[PDB]
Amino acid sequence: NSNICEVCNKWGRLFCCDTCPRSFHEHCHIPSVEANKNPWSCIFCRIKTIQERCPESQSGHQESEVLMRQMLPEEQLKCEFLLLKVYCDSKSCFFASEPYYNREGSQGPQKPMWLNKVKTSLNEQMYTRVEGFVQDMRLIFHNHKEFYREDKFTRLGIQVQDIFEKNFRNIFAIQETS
(Lines of atoms letter the chains of each structure in order from A and count residues from 1; the text may use other names and numbers.)
(Lines give C-alpha, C1' and ligand atoms only; values in the text may rest on other atoms or scores of the structure.)
Protein backbone atom coordinates (compact mmCIF):
# COMPACT_ATOMS: atom_id res chain seq x y z
CA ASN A 1 0.00 0.00 0.00
CA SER A 2 0.90 3.67 -0.37
CA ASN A 3 2.46 5.43 2.69
CA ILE A 4 0.55 8.71 2.16
CA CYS A 5 -3.25 9.53 2.15
CA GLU A 6 -4.59 9.55 -1.39
CA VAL A 7 -6.69 12.69 -0.69
CA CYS A 8 -4.42 15.08 1.33
CA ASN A 9 -0.98 13.53 0.49
CA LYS A 10 0.15 13.42 4.13
CA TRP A 11 1.22 10.47 6.28
CA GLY A 12 -0.44 9.64 9.55
CA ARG A 13 -2.97 7.05 10.80
CA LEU A 14 -3.80 5.45 7.45
CA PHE A 15 -6.34 2.72 6.49
CA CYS A 16 -5.25 0.58 3.58
CA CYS A 17 -7.46 -0.61 0.75
CA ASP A 18 -7.46 -4.41 0.37
CA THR A 19 -8.14 -4.37 -3.34
CA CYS A 20 -5.86 -1.56 -4.52
CA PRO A 21 -2.71 0.12 -3.15
CA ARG A 22 -4.39 3.35 -1.92
CA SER A 23 -4.50 4.50 1.66
CA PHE A 24 -6.62 7.06 3.57
CA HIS A 25 -7.05 9.05 6.61
CA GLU A 26 -10.28 8.12 8.34
CA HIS A 27 -12.14 11.37 7.53
CA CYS A 28 -10.33 11.93 4.18
CA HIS A 29 -12.18 8.89 2.70
CA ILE A 30 -15.80 9.48 1.82
CA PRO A 31 -17.70 7.87 3.31
CA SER A 32 -15.46 7.82 6.52
CA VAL A 33 -13.46 4.57 6.62
CA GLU A 34 -15.76 1.81 7.85
CA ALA A 35 -15.14 0.41 11.43
CA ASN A 36 -14.67 -3.23 10.50
CA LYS A 37 -15.17 -4.91 7.04
CA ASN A 38 -12.25 -7.24 6.22
CA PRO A 39 -11.45 -7.08 3.40
CA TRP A 40 -12.15 -3.32 2.91
CA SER A 41 -12.45 -1.79 -0.54
CA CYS A 42 -12.03 2.01 -1.05
CA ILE A 43 -14.35 4.24 -3.06
CA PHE A 44 -12.09 4.09 -6.10
CA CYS A 45 -12.44 0.27 -6.05
CA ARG A 46 -16.24 0.47 -5.56
CA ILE A 47 -16.63 2.85 -8.46
CA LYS A 48 -14.53 0.57 -10.70
CA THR A 49 -16.75 -2.44 -9.80
CA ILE A 50 -19.92 -0.51 -10.92
CA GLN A 51 -18.42 0.13 -14.34
CA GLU A 52 -17.27 -3.52 -14.65
CA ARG A 53 -20.67 -4.93 -13.72
CA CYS A 54 -22.40 -2.65 -16.31
CA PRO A 55 -20.01 -1.70 -19.11
CA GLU A 56 -22.77 0.22 -20.89
CA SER A 57 -22.91 2.64 -17.89
CA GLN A 58 -19.93 4.34 -19.65
CA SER A 59 -21.89 5.25 -22.80
CA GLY A 60 -22.63 8.98 -23.02
CA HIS A 61 -25.42 10.59 -21.02
CA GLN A 62 -27.19 13.94 -21.05
CA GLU A 63 -26.53 16.13 -18.00
CA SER A 64 -30.22 16.88 -17.67
CA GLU A 65 -31.05 13.20 -17.27
CA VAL A 66 -28.20 12.67 -14.78
CA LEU A 67 -29.35 15.53 -12.57
CA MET A 68 -32.92 14.17 -12.31
CA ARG A 69 -31.79 10.81 -11.05
CA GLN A 70 -32.85 9.77 -7.61
CA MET A 71 -30.15 9.27 -5.03
CA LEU A 72 -30.24 5.47 -4.97
CA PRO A 73 -27.06 3.71 -3.63
CA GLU A 74 -25.05 3.87 -6.85
CA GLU A 75 -25.75 7.62 -7.41
CA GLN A 76 -25.05 8.30 -3.71
CA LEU A 77 -21.68 6.59 -4.20
CA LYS A 78 -20.87 8.49 -7.38
CA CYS A 79 -21.63 11.82 -5.67
CA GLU A 80 -19.40 10.82 -2.70
CA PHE A 81 -16.60 10.02 -5.14
CA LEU A 82 -17.03 13.31 -7.02
CA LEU A 83 -16.87 15.15 -3.69
CA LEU A 84 -13.74 13.23 -2.76
CA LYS A 85 -12.15 14.17 -6.15
CA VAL A 86 -12.52 17.81 -5.20
CA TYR A 87 -10.94 17.37 -1.76
CA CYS A 88 -8.03 15.68 -3.62
CA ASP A 89 -7.03 19.11 -5.00
CA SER A 90 -5.07 21.08 -2.48
CA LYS A 91 -6.93 24.28 -3.48
CA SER A 92 -10.07 22.76 -1.92
CA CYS A 93 -8.79 24.15 1.42
CA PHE A 94 -10.29 27.47 0.54
CA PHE A 95 -13.76 25.99 0.17
CA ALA A 96 -13.74 23.34 2.92
CA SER A 97 -14.90 25.14 6.02
CA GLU A 98 -17.56 27.76 6.76
CA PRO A 99 -16.71 31.10 5.14
CA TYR A 100 -17.20 34.61 6.37
CA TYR A 101 -17.68 37.78 4.45
CA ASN A 102 -16.36 41.28 5.32
CA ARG A 103 -14.71 42.99 2.36
CA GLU A 104 -15.08 46.64 1.43
CA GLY A 105 -17.41 46.96 -1.62
CA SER A 106 -18.89 43.43 -1.45
CA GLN A 107 -21.79 41.82 0.27
CA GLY A 108 -21.86 38.15 1.32
CA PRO A 109 -23.92 35.55 -0.54
CA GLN A 110 -27.52 34.98 0.42
CA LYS A 111 -26.84 31.24 0.70
CA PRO A 112 -23.33 30.37 1.87
CA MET A 113 -22.05 26.92 1.04
CA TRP A 114 -18.90 24.91 1.69
CA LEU A 115 -17.45 21.42 1.11
CA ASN A 116 -17.85 20.21 4.69
CA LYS A 117 -21.52 21.23 4.63
CA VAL A 118 -22.01 19.21 1.40
CA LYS A 119 -20.14 16.33 3.05
CA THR A 120 -22.51 16.39 6.02
CA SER A 121 -25.51 16.67 3.75
CA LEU A 122 -24.43 13.49 1.86
CA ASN A 123 -23.69 11.68 5.07
CA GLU A 124 -27.17 12.54 6.44
CA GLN A 125 -28.98 11.54 3.11
CA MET A 126 -30.39 15.04 2.63
CA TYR A 127 -30.23 14.99 -1.18
CA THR A 128 -33.05 13.10 -2.91
CA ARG A 129 -31.66 13.66 -6.44
CA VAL A 130 -28.26 14.23 -8.03
CA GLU A 131 -29.39 17.80 -8.91
CA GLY A 132 -29.36 18.72 -5.13
CA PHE A 133 -25.76 17.80 -4.71
CA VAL A 134 -24.56 19.33 -7.98
CA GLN A 135 -26.45 22.64 -7.27
CA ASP A 136 -24.77 22.96 -3.84
CA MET A 137 -21.36 22.19 -5.35
CA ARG A 138 -21.74 24.78 -8.15
CA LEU A 139 -23.09 27.29 -5.57
CA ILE A 140 -19.75 27.15 -3.71
CA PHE A 141 -17.88 28.47 -6.76
CA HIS A 142 -20.56 30.90 -7.89
CA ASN A 143 -20.64 32.55 -4.40
CA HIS A 144 -16.86 32.88 -4.50
CA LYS A 145 -16.91 34.54 -7.96
CA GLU A 146 -19.53 37.02 -7.01
CA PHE A 147 -17.97 38.00 -3.66
CA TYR A 148 -14.42 38.43 -4.85
CA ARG A 149 -15.33 40.43 -7.96
CA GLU A 150 -12.19 41.71 -9.62
CA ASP A 151 -9.77 40.43 -7.00
CA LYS A 152 -7.46 37.94 -8.66
CA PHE A 153 -8.48 35.51 -5.79
CA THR A 154 -11.61 34.87 -7.89
CA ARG A 155 -9.44 32.53 -9.94
CA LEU A 156 -9.31 29.95 -7.11
CA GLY A 157 -13.10 29.42 -7.68
CA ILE A 158 -12.60 28.93 -11.41
CA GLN A 159 -9.79 26.45 -10.84
CA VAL A 160 -11.59 24.23 -8.29
CA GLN A 161 -14.86 24.42 -10.34
CA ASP A 162 -12.92 23.10 -13.32
CA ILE A 163 -11.77 20.08 -11.26
CA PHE A 164 -15.39 19.53 -10.17
CA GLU A 165 -16.76 19.74 -13.75
CA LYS A 166 -14.13 17.44 -15.35
CA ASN A 167 -14.74 14.86 -12.69
CA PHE A 168 -18.55 15.20 -12.97
CA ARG A 169 -18.33 14.55 -16.71
CA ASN A 170 -16.05 11.53 -16.08
CA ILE A 171 -17.86 9.90 -13.20
CA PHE A 172 -21.38 10.27 -14.65
CA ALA A 173 -20.18 9.53 -18.25
CA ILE A 174 -21.52 12.74 -19.70
CA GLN A 175 -21.66 12.65 -23.56
CA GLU A 176 -18.59 14.35 -24.99
CA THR A 177 -19.29 17.56 -26.99
CA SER A 178 -17.32 20.24 -28.84
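We number the residues from 1 along the sequence you see.
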Could you settle it for me: does 93-101 or 79-87 have the higher average Cα B factor in the PDB entry? 93-101
Compare the mean C-alpha B-factor of 118-126 with that of 53-61 as given in the PDB entry, and name the stretch with the higher value. 53-61
Max C-alpha B-factor within the set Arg69, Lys48, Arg138, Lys152 falls on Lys48
Quick check on the deposited entry: does the C-alpha B-factor of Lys111 sit in the lowest, middle or highest third of its chain? middle
Sorting the chain's CA B-factors, does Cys28 end up in the lowest, middle or highest third? middle
Would you please rank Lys145 by its C-alpha temperature factor against the other modelled residues of its chain and give the third it falls in: lowest, middle or highest? middle
Once the chain's modelled residues are ordered by C-alpha B factor and cut into thirds, is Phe133 in the lowest, middle or highest one? lowest
Temperature factor at the Cα of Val7, chain-ranked in thirds, falls in the middle
